[PDB]
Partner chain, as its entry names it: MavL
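Take a look at this single chain in structure tokens; it is the form solved without its partner chain.
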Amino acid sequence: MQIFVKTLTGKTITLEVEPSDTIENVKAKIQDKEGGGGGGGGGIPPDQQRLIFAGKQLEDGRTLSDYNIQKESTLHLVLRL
């Protein structure tokens, strides 16, 4: 199922995900996809980011299923250093 994720650089990345994917795993895939761009020397480490869905801060260790995140939803990354 696709979701879309706005990165800290303001780029929007599309990603195939499953309900069983942990938020940690989605963050890592998004960062691999955008692949050190926007100054991405070594970018911001994904453990210093959080994924937000529909106004809610998602837990890194929980799964998309836990939040009833549907296909083609847009999520966003924020900085938590």
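What we label the rigid core is the largest C-alpha set whose atoms superpose within 1.5 Å from one form to the other. Residue numbers count along the first chain shown, from 1.
From this point on, the text means the form deposited with its partner chain bound, which you will not see here.
K.L.:
Taking 4.5 angstroms as the cut-off for heavy atoms, does residue 28 touch its partner chain in the deposited complex?
P.N.:
Residue 28: no contact with its partner chain in the deposited complex.
K.L.:
Within 4.5 Å of its partner chain in the deposited complex, which residues of 60-78 have a heavy atom? Give them in sequence order, or say none.
P.N.:
In sequence order, 60, 61, 62, 66, 78 come within 4.5 Å of the partner.
K.L.:
Taking the rigid core as the frame, does residue 44 move its C-alpha by 2 Å or more between the shown form and the other one?
P.N.:
Residue 44: C-alpha displaced by 2 Å or more between the shown form and the other one.
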